[PDB]
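Q: no sequence for this one, just the structure:
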């Protein structure tokens, strides 16, 4: 009866550590755009 | 033996890795606001 919750909490951390990973991907993303916006502002001004 | 390793594992995932997520959700949301602030650099090329 204690084991069924022991596999529950172990899975929840594996549920967490996946779900904790995706912000670490996400926090790179807007960093990855904001590094690149020096390029597009000189490209769009060429259009206008 | 199983009971002590249960709660010490539960001492992490219920509290720490749960709070580790919400600590990063601020860093997720604090940066996403900065993206729309960065879009006001694209406001300047509309001013020209």
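A: Yep, that arrived. Numbers count the residues shown, from 1 in each chain, chains lettered A, B, ... in the order given.
Q: interface residues of chain A facing chain B?
A: Contacts of chain A with chain B, taken as CB under 8 Å from any CB of the partner chain, map to A:2-3, A:6, A:9-10, A:12-13, A:16-17, A:19-20, A:23-24, A:26-27, A:30-31, A:33-34, A:37, A:41, A:44-45, A:48. C-beta coordinates here come from the backbone N, C-alpha and C atoms, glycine included.
Q: name the single longest helix found in chain A.
A: Secondary structure assigned by DSSP state H gives helix A:3-19 as the longest helix of chain A.
Q: the residue in chain A that chain B sits nearest to: how many residues sit nearby?
A: Among the residues of chain A, residue A:13 lies nearest to chain B; the distance is 3.9 Å by CB to the nearest CB. Counted by other CB atoms under 10 Å in any protein chain shown, the residues lying close to residue A:13 total 18.
Q: of the residues of chain A next to chain B, grab the buried ones for ChimeraX.
A: In ChimeraX, this line selects whichever of the residues of chain A next to chain B come out buried by 16 or more other CB atoms under 10 Å in any protein chain shown:
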select /A:9,12,13,16,20,23,26,27,30
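Q: most remote residue from chain A's center?
A: Counting by CA atoms, centre = their mean, the extreme residue of chain A relative to its mean C-alpha position is residue A:1, 36.5 Å from that point.
Q: pretty sure residue A:33 contacts residue B:34?
A: No: assessed by CB atoms under 8 Å, residue A:33 is found out of contact with residue B:34, at 10.3 Å.
Q: same for the helix or strand residue A:31 falls within, what does it pack against?
A: Here residue A:31 sits within helix A:21-34, counting by DSSP states H and E. The elements that helix A:21-34 packs onto, with contact taken as 3 or more CB pairs under 8 Å, 6 or more residues apart in numbering or on different chains; DSSP states H and E, are helix B:17-38.
Q: give me the residues contacting the helix it packs on.
A: Contacting residues not belonging to helix B:17-38 are listed as A:13, A:16-17, A:19-20, A:23-24, A:26-27, A:30-31, A:33-34, A:37 [CB atoms under 8 Å, 6 or more residues apart in numbering or on different chains].
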